[PDB]
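To start, the structure under review is shown below, and the notes come after it.
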Protein chains: 4
Amino acid sequence: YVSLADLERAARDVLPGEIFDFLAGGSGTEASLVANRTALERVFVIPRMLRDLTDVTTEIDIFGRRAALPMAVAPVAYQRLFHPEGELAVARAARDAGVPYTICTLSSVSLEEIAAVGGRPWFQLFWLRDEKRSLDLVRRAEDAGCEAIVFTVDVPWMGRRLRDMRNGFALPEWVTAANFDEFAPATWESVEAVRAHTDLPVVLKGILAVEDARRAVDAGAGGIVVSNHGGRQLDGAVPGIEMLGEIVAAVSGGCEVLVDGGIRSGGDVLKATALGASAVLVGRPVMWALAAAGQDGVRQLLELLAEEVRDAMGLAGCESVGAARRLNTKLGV
Amino acid sequence: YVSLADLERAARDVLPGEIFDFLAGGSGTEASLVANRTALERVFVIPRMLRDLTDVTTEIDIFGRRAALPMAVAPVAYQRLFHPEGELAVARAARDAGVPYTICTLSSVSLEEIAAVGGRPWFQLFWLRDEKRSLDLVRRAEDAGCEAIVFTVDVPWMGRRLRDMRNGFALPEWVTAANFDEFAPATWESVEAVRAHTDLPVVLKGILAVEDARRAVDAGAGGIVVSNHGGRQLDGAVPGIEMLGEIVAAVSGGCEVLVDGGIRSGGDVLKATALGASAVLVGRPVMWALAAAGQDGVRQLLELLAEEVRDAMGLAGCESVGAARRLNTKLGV
Amino acid sequence: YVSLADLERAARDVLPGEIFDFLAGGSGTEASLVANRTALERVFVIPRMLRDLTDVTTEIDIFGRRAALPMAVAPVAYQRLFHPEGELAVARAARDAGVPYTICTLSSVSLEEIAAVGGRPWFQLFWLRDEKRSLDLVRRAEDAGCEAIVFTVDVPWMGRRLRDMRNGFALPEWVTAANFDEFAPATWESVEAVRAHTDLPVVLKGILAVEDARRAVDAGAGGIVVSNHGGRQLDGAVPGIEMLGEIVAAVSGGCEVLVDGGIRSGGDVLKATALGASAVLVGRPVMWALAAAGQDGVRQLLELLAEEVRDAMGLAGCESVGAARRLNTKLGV
Amino acid sequence: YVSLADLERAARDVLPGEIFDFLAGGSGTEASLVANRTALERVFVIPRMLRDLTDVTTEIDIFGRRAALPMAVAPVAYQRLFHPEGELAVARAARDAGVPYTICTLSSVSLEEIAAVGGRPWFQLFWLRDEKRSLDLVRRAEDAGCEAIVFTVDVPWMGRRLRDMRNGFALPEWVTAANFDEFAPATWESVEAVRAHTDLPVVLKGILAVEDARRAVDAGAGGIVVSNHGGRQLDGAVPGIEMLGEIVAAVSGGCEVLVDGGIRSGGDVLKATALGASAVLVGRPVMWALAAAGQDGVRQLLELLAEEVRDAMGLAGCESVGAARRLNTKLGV
Ligand SMILES: Cc1cc2nc3c(=O)[nH]c(=O)nc-3n(C[C@H](O)[C@H](O)[C@H](O)COP(=O)(O)O)c2cc1C
Ligand SMILES: Cc1cc2nc3c(=O)[nH]c(=O)nc-3n(C[C@H](O)[C@H](O)[C@H](O)COP(=O)(O)O)c2cc1C
Ligand SMILES: Cc1cc2nc3c(=O)[nH]c(=O)nc-3n(C[C@H](O)[C@H](O)[C@H](O)COP(=O)(O)O)c2cc1C
Ligand SMILES: Cc1cc2nc3c(=O)[nH]c(=O)nc-3n(C[C@H](O)[C@H](O)[C@H](O)COP(=O)(O)O)c2cc1C
Ligand SMILES: O=C(O)C(O)(O)C(F)(F)c1ccccc1
Ligand SMILES: O=C(O)C(O)(O)C(F)(F)c1ccccc1
Ligand SMILES: O=C(O)C(O)(O)C(F)(F)c1ccccc1
Ligand SMILES: O=C(O)C(O)(O)C(F)(F)c1ccccc1
């Protein structure tokens with residue numbers, strides 16, 4: 001594999017069509033799904049030359065811990081859909097690569113088991129109709145050694161996935177929500193309840209409006225993820241990468257600002273960094289690699305991404321991620 | 001049916017080619033027809049998160065009455081062209097859905113019969129060479145219980161429909177203008193004559209210039225429809241959605257501002273609302289549903305649109321249409 | 001024929017490939033040829049409603065005489081290439097339609113014969129290496145009753161026509177330059193020599209820079225044609241329609257400002273007018289009609305264009321060409 | 001051959017696929033490769049009319065010597081890959097055409113032999129891990145009569161060429177680095193070492209950031225090449241032509257400013273000049289001509305380019321390259 005695009009084809013071959021569609025699809029006409037890619041492709045980097053590259057490092061410090069790349073594995077539900085070892089395979093590879101892994105509320109392996117793998121586990125929270133269950137999940141995650149709560153705030157309910165509707169897609173009975181034995185819309189009061197219930201940094205995932213980013217900082221969030229949920233929620237929602245610069249300026253260092261949606265290479269990581277992001281999340285490509293070759297597949301993906309990030313940073317004259325954030329960009333056609 | 005696009009294919013199958021062309025076509029090279037869609041697709045919404053969605057409502061108050069959605073059925077002539085029950089089928093479905101239905105001057109069922117169906121009938125007026133006939137139509141409409149006069153102002157004469165010319169399209173003899181037993185260009189004097197002759201709100205349909213919107217308010221119009229007539233009049237006329245924001249700002253609450261042209265989903269409705277529209281008109285899709293399955297087809301269309309509007313509003317953090325109008329947007333590529 | 005596009009296909013059928021290529025082609029990669037169309041298609045008109053249309057007129061006064069449309073036939077060399085009757089057929093149709101016809105320096109019928117047809121003949125001048133021959137042509141044109149000298153200023157030499165080079169295209173021996181029994185670059189001194197030698201208005205064709213338009217007025221030109229020569233001279237030259245607005249503003253009524261390049265409908269004429277043009281030139285479509293059906297073909301073309309111009313003007317609320325020049329426009333995608 | 005595009009097809013036929021890919025390809029997804037062309041195609045020239053063209057000259061003075069065109073042959077490694085005579089064939093043709101030829105550090109014929117050909121040889125330098133070898137190359141080049149040192153500054157290491165990786169491309173054993181019997185990242189200290197070691201003008205190739213251009217002048221560079229290395233280094237790097245205008249303004253005559261990337265015609269040369277460039281480099285097309293017909297092929301290419309430059313300049317009203325730099329441009333779609 002010399003690019004992430006190699007993996008998608010491999011995954012399409014092995015996966016049942018209905019499952020590949022669940023993974024690949026977006027909501028409505030998939031306008032926001034496509035726009036995530038279009039938006040990245042319009043961004044060009046202005047590289048710097050002739051700087052010291054004797055010790056190029058791709059490492060960052062985030063939420064108290066060192067990470068090997070400015071990157072984490074995005075929360076993706078029911079990973080046993082893509083491979084028998086599911087979340088355990090991905091978590092093991094992420095651990096080995098020094099990249100944070102985000103355990104899902106809807107993981108098909110329990111959060112305690114995934115956390116036992118080690119590494120840098122974060123935990124993604126969906127707000128539940130029974131609030132006490134949501135706060136219990138948070139407590140479970142913290143007890144199991146998760147380092148951050150990624151509170152998903154753009155899913156008051158699931159978007160309308162036309163591929164899934166057309167396929168009549170449903171969870172195979174061999175895939176379950178292992179954390180349970182349903183959703184409620186989250187509000188700012190929900191965020192406060194979570195913040196008061198944990199010492200872990202709370203990260204609001206799915207922020208797109210500048211004033212929501214400001215309010216996130218005021219609410220005590222340790223980070224936000226600028227995101228339209230991979231084009232899977234509001235169809236017609238602006239791509240996060242189009243809002244990123246404005247949001248980074250507005251929060252003015254008040255919290256970590258992550259972005260996701262369409263990151264498909266080290267060059268894309270460089271673009272996000274240059275626009276001001278602390279780090280990116282990567283979703284579908286990690287699942288392509290999992291589907292294609294299990295744990296070893298994800299390992300290969302992360303090794304490829306690591307080399308592409310180092311390459312891009314050096315070619316752009318950046319010895320550190322901090323330097324990459326000070327790069328300028330130019331919009332193209 | 002999970003999208004409006006499902007309906008168009010169904011309608012293409014059942015309709016004679018010449019009739020589908022009458023419905024689908026625009027004037028000239030159909031530049032303005034295509035531009036209505038292109039313009040909507042360039043608009044992206046910036047959604048808000050973490051707001052109270054306990055009582056999401058899609059209802060609006062317009063021209064004195066509550067409507068179930070920020071939407072009305074656009075005036076479309078000769079609906080018996082598409083289905084034997086014609087206007088009666090559409091009006092019944094609209095009534096049941098709580099959506100205003102616009103009775104046409106050129107309806108293939110008399111306006112009194114359509115009005116007898118009940119619901120929220122509006123009446124669309126074409127100015128006639130004999131002025132007295134036009135004012136008589138207005139009186140008939142008011143007597144029959146219509147709630148608004150939609151005065152079409154962008155048809156001094158019909159545009160050049162090249163599909164119709166090439167097909168040699170003509171009304172089948174089983175389709176007639178049931179309100180009669182011809183056009184004259186309307187002027188601002190015509191508007192005043194109508195306004196003086198009725199207590200009903202007068203709505204000017206086909207406004208695109210900012211100063212025409214201003215003058216509409218000065219002329220005592222209760223509303224305007226920002227519209228290039230679905231690309232069927234001036235070929236090269238700007239899409240209404242491109243003028244909407246500027247017009248909403250200029251009239252500064254002085255009348256209702258509706259828009260139409262290319263609305264094909266709840267997400268499109270959200271975009272129009274976010275740009276400032278009070279409500280939208282939907283034309284061709286209603287006729288697709290009518291052609292495909294008569295009254296039940298239109299019912300299904302309106303139910304689908306209702307769910308898509310609620311979904312879009314909630315995902316964008318809007319508990320009311322008023323909230324949706326305060327959303328910001330961003331132009332994309 | 002219901003559009004100009006109908007004619008092009010007809011002409012492609014009947015013409016030898018090499019001759020159709022001479023007519024259709026541009027210089028270099030034909031970037032400027034394509035850009036003339038792209039530029040027009042990006043322009044949208046903001047129409048006005050509810051104005052008096054009782055006496056819509058498409059007539060203009062230009063260079064002392066009334067014309068039936070804001071349009072003239074562009075100079076096109078060697079018209080016997082396209083039809084046996086060549087320039088005589090086109091001139092007769094133009095006369096009958098009340099549209100000025102531009103006699104070429106390189107006409108395949110003598111300028112005296114074409115002028116004898118009557119109507120509103122203009123004469124297009126190429127500057128010749130022997131200056132006295134050029135001034136003699138001007139005198140001949142004036143004596144024969146031509147009403148304007150269209151001095152072509154963007155051909156110091158002919159551009160590189162790759163279609164012609166690839167075809168090894170050459171004039172058939174049955175086609176000659178009937179005004180003769182060669183080119184020199186024109187300068188501002190050449191313009192002055194022409195102006196001093198005639199009482200006719202001098203029109204500089206091929207102006208694209210704003211300061212060249214200013215200087216044209218200072219030099220005593222009665223008009224200019226904003227033009228990149230139909231994409232046949234400098235490949236990469238900006239389309240005239242993209243410079244038109246700026247040029248109209250700069251000359252501030254000091255001379256007539258015409259435009260050409262890609263005018264293919266009445267709607268296109270409306271766009272040019274709305275951008276400030278006094279009138280347009282139409283080139284290739286007139287030759288399509290000539291090739292397709294001789295004099296009657298051109299007559300049909302001009303009748304179609306006349307109806308399209310009236311239609312567009314009325315639908316845009318313009319009772320006169322002057323009103324059309326006060327229309328606003330909006331750039332689209 | 002009537003255009004450079006003719007040559008590429010000829011070269012594709014004769015070259016082994018792996019070698020054509022080495023020549024044609026870029027890094028990553030080849031976004032920057034494509035963008036070089038897209039960026040040029042968006043630029044339109046505003047030509048001037050009616051100026052004196054009695055002595056049109058395409059000559060420039062650069063780095064102390066007259067050149068026949070505002071153009072030099074770009075450094076391209078291992079030219080024996082494309083033709084048995086390799087660099088000698090290209091250098092001979094360039095000499096005959098009065099165009100500077102850039103001898104590569106990785107030439108497949110020694111720099112002394114290529115320099116012996118005569119003409120205007122420049123020498124391109126890659127910084128070596130052993131610094132003394134790099135300074136020795138500089139001394140060798142100066143002793144052999146090279147007139148400028150083109151220090152490549154955008155290759156701390158080679159970019160990721162996915163075509164090459166997929167092909168498993170490697171140098172055939174009959175092709176060697178003839179200057180040797182490896183790379184180190186260059187810094188501003190390296191530039192200073194070179195500048196102190198030679199009296200020749202030092203030209204920094206691969207500058208894209210405005211402040212790097214400023215610093216180049218401060219560092220004593222005699223020129224820069226605004227360049228993203230033909231899309232072969234950082235994938236996503238902005239095209240040089242998009243940065244050119246801003247850079248020309250910032251250096252304010254302090255050094256020569258060259259540009260490369262996608263120059264494929266005399267018209268493209270005119271565009272670069274109009275944006276402010278002193279001269280352009282041309283890379284891949286020279287190799288197409290070499291592959292297609294050896295020395296005579298390159299001669300034909302340079303003759304074609306010379307005619308296209310003269311043509312473009314004259315049609316734009318420019319009697320000199322200096323005049324061409326004062327042309328205005330307009331961005332299109
Ligand atoms: C199949 C699938 C399942 C997902 N499940 C969740 C989830 O449970 N919670 C969440 O916050 N985001 C979820 N996401 C969104 C991702 O976290 C992330 O925002 C998005 O996938 C990133 O875009 P990318 O896939 O283009 O890299 C899911 C995405 C996909 C494709
Ligand atoms: C077949 C057809 C007939 C129409 N008849 C009328 C009419 O009689 N009066 C009128 O004001 N608008 C008429 N319209 C325009 C619609 O009211 C409306 O402006 C347009 O269709 C909305 O665009 P949409 O079809 O993309 O939703 C007609 C449109 C179509 C397609
Ligand atoms: C075949 C052909 C011959 C032309 N000959 C002349 C000419 O002799 N003198 C001149 O000023 N323009 C000449 N033109 C340019 C036209 O006058 C005019 O600028 C251009 O054709 C208008 O663009 P259009 O063809 O898209 O309408 C010629 C154009 C064509 C296509
Ligand atoms: C096959 C190939 C080899 C190249 N080798 C070098 C090189 O050794 N040193 C260098 O500075 N640039 C090198 N370049 C880049 C060119 O000097 C130049 O920047 C680029 O090719 C210009 O773009 P163009 O090919 O579109 O004209 C090479 C380019 C190609 C295609
Ligand atoms: O986008 C997703 O797939 C999600 O995991 O965030 C979800 F919660 F919306 C979802 C959607 C469908 C099935 C399961 C979970
Ligand atoms: O756009 C229409 O179809 C119209 O109903 O508004 C009309 F009046 F222009 C028309 C056009 C053709 C046939 C009937 C009515
Ligand atoms: O663009 C033309 O075809 C022209 O008529 O203006 C011309 F003079 F450049 C020309 C070009 C080729 C053959 C004859 C005349
Ligand atoms: O871009 C090139 O091909 C280069 O010559 O500049 C190089 F040095 F990067 C290179 C790349 C691959 C093989 C040899 C040289």
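Ligands are numbered from 1 in the order shown, chains are lettered A, B, ... in the order of the structure tokens, and residues start at 1 in each chain.
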Counting only C-alpha atoms, what are the residues of chain A within 6 Å of chain D, and for each of them which pair of atoms is the nearest and at what distance in Å, to one decimal? Sort the table by chain and rising number, as CSV.
```
residue,atom,partner,partner_atom,distance
A:44,CA,D:238,CA,5.1
A:45,CA,D:237,CA,4.9
A:46,CA,D:209,CA,5.9
A:50,CA,D:187,CA,3.9
A:51,CA,D:187,CA,5.4
A:315,CA,D:234,CA,5.7
```
Would you write out those residues with N, CA, C and O atoms, as a PDB file, in the first residue's frame?
```
ATOM      1  N   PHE A  44      -4.281  24.924  -0.755  1.00  0.00           N
ATOM      2  CA  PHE A  44      -2.884  24.721  -1.112  1.00  0.00           C
ATOM      3  C   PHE A  44      -1.992  25.299  -0.031  1.00  0.00           C
ATOM      4  O   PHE A  44      -2.304  26.336   0.546  1.00  0.00           O
ATOM      5  N   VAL A  45      -0.892  24.609   0.247  1.00  0.00           N
ATOM      6  CA  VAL A  45       0.054  25.032   1.272  1.00  0.00           C
ATOM      7  C   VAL A  45       1.155  25.893   0.657  1.00  0.00           C
ATOM      8  O   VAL A  45       1.601  25.627  -0.457  1.00  0.00           O
ATOM      9  N   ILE A  46       1.574  26.940   1.364  1.00  0.00           N
ATOM     10  CA  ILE A  46       2.755  27.699   0.959  1.00  0.00           C
ATOM     11  C   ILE A  46       3.965  27.241   1.778  1.00  0.00           C
ATOM     12  O   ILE A  46       4.152  27.674   2.917  1.00  0.00           O
ATOM     13  N   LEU A  50      14.687  25.867   3.318  1.00  0.00           N
ATOM     14  CA  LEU A  50      16.014  26.156   3.867  1.00  0.00           C
ATOM     15  C   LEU A  50      16.030  26.288   5.390  1.00  0.00           C
ATOM     16  O   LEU A  50      16.893  26.959   5.952  1.00  0.00           O
ATOM     17  N   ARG A  51      15.085  25.632   6.052  1.00  0.00           N
ATOM     18  CA  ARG A  51      15.075  25.593   7.510  1.00  0.00           C
ATOM     19  C   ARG A  51      15.743  24.326   8.036  1.00  0.00           C
ATOM     20  O   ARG A  51      15.862  23.334   7.321  1.00  0.00           O
ATOM     21  N   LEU A 315       9.151  18.662   3.665  1.00  0.00           N
ATOM     22  CA  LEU A 315       9.109  19.339   2.376  1.00  0.00           C
ATOM     23  C   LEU A 315       8.564  20.765   2.519  1.00  0.00           C
ATOM     24  O   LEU A 315       8.900  21.641   1.722  1.00  0.00           O
TER      25      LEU A 315
END
```
- residue C:116 surroundings by only C-alpha atoms, 9 Å radius, close-in-sequence under 5 positions cut, as number ranges by chain: C: 111, 144-145
Those residues you just picked out, can you put them in a file as a PDB file, in the first residue's frame with N, CA, C and O atoms?
```
ATOM      1  N   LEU C 111     -16.453  45.612 -52.878  1.00  0.00           N
ATOM      2  CA  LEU C 111     -17.201  46.431 -51.934  1.00  0.00           C
ATOM      3  C   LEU C 111     -18.250  47.290 -52.637  1.00  0.00           C
ATOM      4  O   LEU C 111     -19.290  47.587 -52.063  1.00  0.00           O
ATOM      5  N   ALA C 144     -18.834  54.768 -52.245  1.00  0.00           N
ATOM      6  CA  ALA C 144     -19.849  53.759 -52.526  1.00  0.00           C
ATOM      7  C   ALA C 144     -21.024  53.826 -51.550  1.00  0.00           C
ATOM      8  O   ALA C 144     -21.990  53.076 -51.689  1.00  0.00           O
ATOM      9  N   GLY C 145     -20.935  54.712 -50.561  1.00  0.00           N
ATOM     10  CA  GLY C 145     -22.028  54.929 -49.627  1.00  0.00           C
ATOM     11  C   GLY C 145     -21.946  54.189 -48.296  1.00  0.00           C
ATOM     12  O   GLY C 145     -22.951  54.059 -47.594  1.00  0.00           O
TER      13      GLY C 145
END
```
- Message: Just the number, please: distance in Å from atom 12 (C, counted along the ligand's line) of ligand 7 to atom CA of residue C:305, one decimal.
- Response: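 Those two atoms sit 27.3 Å apart.
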- May I have the residues within 7 Å of ligand 4, computed using only C-alpha atoms and all ligand atoms, as JSON, numbers by chain? {"D": [22, 23, 24, 74, 75, 76, 77, 104, 105, 106, 124, 152, 205, 227, 228, 229, 230, 260, 261, 262, 263, 281, 282, 283, 284, 285]}
Expected file contents, prior selection, N, CA and C atoms, as an mmCIF file, in the first residue's frame:
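Contents of part13.cif, as written:
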```cif
data_model
loop_
_atom_site.group_PDB
_atom_site.id
_atom_site.type_symbol
_atom_site.label_atom_id
_atom_site.label_comp_id
_atom_site.auth_asym_id
_atom_site.auth_seq_id
_atom_site.Cartn_x
_atom_site.Cartn_y
_atom_site.Cartn_z
ATOM 1 N N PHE D 22 8.254 8.326 -15.039
ATOM 2 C CA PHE D 22 9.256 9.062 -14.278
ATOM 3 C C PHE D 22 9.254 10.527 -14.708
ATOM 4 N N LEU D 23 9.115 10.743 -16.011
ATOM 5 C CA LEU D 23 9.121 12.082 -16.585
ATOM 6 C C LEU D 23 7.821 12.841 -16.311
ATOM 7 N N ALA D 24 6.690 12.176 -16.526
ATOM 8 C CA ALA D 24 5.385 12.835 -16.466
ATOM 9 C C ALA D 24 4.859 13.027 -15.046
ATOM 10 N N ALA D 74 15.027 23.860 -18.091
ATOM 11 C CA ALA D 74 15.039 23.513 -16.676
ATOM 12 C C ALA D 74 16.000 22.356 -16.409
ATOM 13 N N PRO D 75 16.562 22.302 -15.193
ATOM 14 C CA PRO D 75 17.342 21.121 -14.810
ATOM 15 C C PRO D 75 16.463 19.870 -14.762
ATOM 16 N N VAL D 76 16.844 18.859 -15.535
ATOM 17 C CA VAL D 76 16.151 17.578 -15.530
ATOM 18 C C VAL D 76 17.194 16.465 -15.463
ATOM 19 N N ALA D 77 17.131 15.653 -14.414
ATOM 20 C CA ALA D 77 18.161 14.646 -14.160
ATOM 21 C C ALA D 77 18.164 13.522 -15.197
ATOM 22 N N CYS D 104 22.593 19.592 -14.785
ATOM 23 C CA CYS D 104 22.208 19.008 -13.501
ATOM 24 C C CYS D 104 23.352 18.387 -12.711
ATOM 25 N N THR D 105 23.229 18.451 -11.391
ATOM 26 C CA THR D 105 24.100 17.702 -10.495
ATOM 27 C C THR D 105 24.030 16.220 -10.844
ATOM 28 N N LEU D 106 22.832 15.757 -11.178
ATOM 29 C CA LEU D 106 22.629 14.355 -11.527
ATOM 30 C C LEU D 106 22.561 14.146 -13.037
ATOM 31 N N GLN D 124 22.983 23.486 -11.988
ATOM 32 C CA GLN D 124 22.082 23.228 -10.872
ATOM 33 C C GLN D 124 22.764 22.400 -9.796
ATOM 34 N N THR D 152 19.099 24.304 -5.885
ATOM 35 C CA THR D 152 17.758 23.773 -5.667
ATOM 36 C C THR D 152 17.497 23.677 -4.168
ATOM 37 N N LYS D 205 16.237 27.992 -6.496
ATOM 38 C CA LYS D 205 15.133 27.381 -7.234
ATOM 39 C C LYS D 205 14.217 26.612 -6.294
ATOM 40 N N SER D 227 8.550 28.234 -7.897
ATOM 41 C CA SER D 227 8.451 26.871 -8.406
ATOM 42 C C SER D 227 8.001 25.879 -7.344
ATOM 43 N N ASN D 228 7.124 24.944 -7.706
ATOM 44 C CA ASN D 228 6.842 23.827 -6.807
ATOM 45 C C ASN D 228 7.432 22.530 -7.371
ATOM 46 N N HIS D 229 8.489 22.684 -8.171
ATOM 47 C CA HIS D 229 9.268 21.556 -8.690
ATOM 48 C C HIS D 229 8.415 20.683 -9.609
ATOM 49 N N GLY D 230 7.566 21.319 -10.411
ATOM 50 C CA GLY D 230 6.719 20.602 -11.352
ATOM 51 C C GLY D 230 5.754 19.628 -10.696
ATOM 52 N N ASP D 260 8.552 28.537 -13.071
ATOM 53 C CA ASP D 260 8.319 27.384 -13.936
ATOM 54 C C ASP D 260 7.111 26.582 -13.483
ATOM 55 N N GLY D 261 6.819 25.502 -14.198
ATOM 56 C CA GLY D 261 5.663 24.689 -13.882
ATOM 57 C C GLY D 261 4.570 24.879 -14.913
ATOM 58 N N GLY D 262 4.494 23.943 -15.853
ATOM 59 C CA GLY D 262 3.406 23.922 -16.812
ATOM 60 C C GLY D 262 3.486 24.874 -17.992
ATOM 61 N N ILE D 263 4.638 25.502 -18.214
ATOM 62 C CA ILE D 263 4.801 26.348 -19.396
ATOM 63 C C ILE D 263 4.780 25.459 -20.644
ATOM 64 N N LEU D 281 11.417 28.747 -16.873
ATOM 65 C CA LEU D 281 12.091 27.484 -17.166
ATOM 66 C C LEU D 281 11.070 26.549 -17.807
ATOM 67 N N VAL D 282 11.535 25.725 -18.738
ATOM 68 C CA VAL D 282 10.698 24.706 -19.357
ATOM 69 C C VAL D 282 11.369 23.353 -19.157
ATOM 70 N N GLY D 283 10.622 22.399 -18.608
ATOM 71 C CA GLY D 283 11.182 21.109 -18.245
ATOM 72 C C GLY D 283 10.701 19.972 -19.129
ATOM 73 N N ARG D 284 9.550 19.401 -18.796
ATOM 74 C CA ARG D 284 9.084 18.196 -19.489
ATOM 75 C C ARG D 284 8.997 18.311 -21.027
ATOM 76 N N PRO D 285 8.498 19.444 -21.575
ATOM 77 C CA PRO D 285 8.423 19.509 -23.046
ATOM 78 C C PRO D 285 9.765 19.344 -23.765
#
```
- Task: Report the residues of stretch 40-166 of chain C whose backbone DSSP state falls under helix (DSSP H, G or I), written as a count of residues only.
- Result: 41
- Item | Shell of 9 Å around residue C:150, only C-alpha atoms, local chain residues under 6 positions omitted, as a list in words | residues 75, 102, 122, 123, 124, 125, 126, 201, 202, 203, 204, 205, 223, 224 and 225 of chain C
Give me a file of those residues, with N, CA, C and O atoms, as a compact mmCIF listing (two decimals), in the first residue's frame.
```txt
# COMPACT_ATOMS: atom_id res chain seq x y z
N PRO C 75 -17.66 41.69 -39.59
CA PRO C 75 -16.83 41.42 -40.77
C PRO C 75 -16.30 39.98 -40.75
O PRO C 75 -15.66 39.55 -39.79
N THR C 102 -21.31 44.61 -42.32
CA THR C 102 -19.92 45.08 -42.43
C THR C 102 -19.18 44.43 -43.60
O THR C 102 -18.82 43.26 -43.55
N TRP C 122 -21.40 49.11 -43.59
CA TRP C 122 -20.19 49.63 -42.98
C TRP C 122 -19.03 49.01 -43.72
O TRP C 122 -19.21 48.01 -44.41
N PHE C 123 -17.83 49.58 -43.59
CA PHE C 123 -16.67 48.98 -44.23
C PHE C 123 -15.55 48.71 -43.25
O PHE C 123 -15.09 49.62 -42.56
N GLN C 124 -15.10 47.46 -43.20
CA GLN C 124 -13.99 47.06 -42.35
C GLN C 124 -12.66 47.20 -43.07
O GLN C 124 -12.48 46.70 -44.19
N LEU C 125 -11.72 47.88 -42.42
CA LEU C 125 -10.41 48.16 -42.99
C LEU C 125 -9.30 47.37 -42.33
O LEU C 125 -9.19 47.35 -41.11
N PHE C 126 -8.48 46.70 -43.15
CA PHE C 126 -7.18 46.20 -42.72
C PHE C 126 -6.12 47.17 -43.21
O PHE C 126 -6.18 47.62 -44.35
N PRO C 201 -17.66 58.14 -39.40
CA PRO C 201 -17.19 57.72 -38.08
C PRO C 201 -16.21 56.56 -38.18
O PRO C 201 -16.42 55.61 -38.95
N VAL C 202 -15.12 56.65 -37.43
CA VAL C 202 -14.12 55.60 -37.40
C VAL C 202 -14.33 54.77 -36.13
O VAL C 202 -14.43 55.32 -35.03
N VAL C 203 -14.44 53.46 -36.31
CA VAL C 203 -14.72 52.52 -35.23
C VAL C 203 -13.54 51.56 -35.06
O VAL C 203 -13.20 50.84 -35.99
N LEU C 204 -12.92 51.56 -33.88
CA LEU C 204 -11.75 50.71 -33.68
C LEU C 204 -12.17 49.35 -33.15
O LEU C 204 -12.67 49.25 -32.03
N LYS C 205 -11.97 48.31 -33.96
CA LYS C 205 -12.41 46.97 -33.61
C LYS C 205 -11.26 46.14 -33.07
O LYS C 205 -10.23 45.99 -33.74
N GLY C 223 -16.54 55.13 -32.37
CA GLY C 223 -16.92 53.93 -31.67
C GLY C 223 -15.75 52.98 -31.48
O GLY C 223 -14.68 53.18 -32.06
N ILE C 224 -15.95 51.97 -30.65
CA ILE C 224 -14.99 50.88 -30.54
C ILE C 224 -15.74 49.56 -30.50
O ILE C 224 -16.92 49.52 -30.13
N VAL C 225 -15.07 48.48 -30.89
CA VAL C 225 -15.65 47.16 -30.67
C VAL C 225 -14.76 46.43 -29.68
O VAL C 225 -13.61 46.13 -29.97
```
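Using only C-alpha atoms, the protein and nucleic acid residues lying no more than 7 Å from residue C:258, apart from those fewer than 6 places from it along its own chain, are residues 224, 225, 226, 277, 278, 279 and 280 of chain C.
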Store the residues picked out above, limited to C-alpha atoms, as a PDB file, in the first residue's frame.
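Result file again_4.pdb:
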```
ATOM      1  CA  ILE C 224     -14.993  50.879 -30.535  1.00  0.00           C
ATOM      2  CA  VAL C 225     -15.647  47.163 -30.673  1.00  0.00           C
ATOM      3  CA  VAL C 226     -14.602  45.417 -27.468  1.00  0.00           C
ATOM      4  CA  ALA C 277     -22.919  47.832 -24.911  1.00  0.00           C
ATOM      5  CA  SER C 278     -24.493  50.069 -27.571  1.00  0.00           C
ATOM      6  CA  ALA C 279     -24.802  47.081 -29.893  1.00  0.00           C
ATOM      7  CA  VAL C 280     -23.256  43.699 -30.649  1.00  0.00           C
TER       8      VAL C 280
END
```
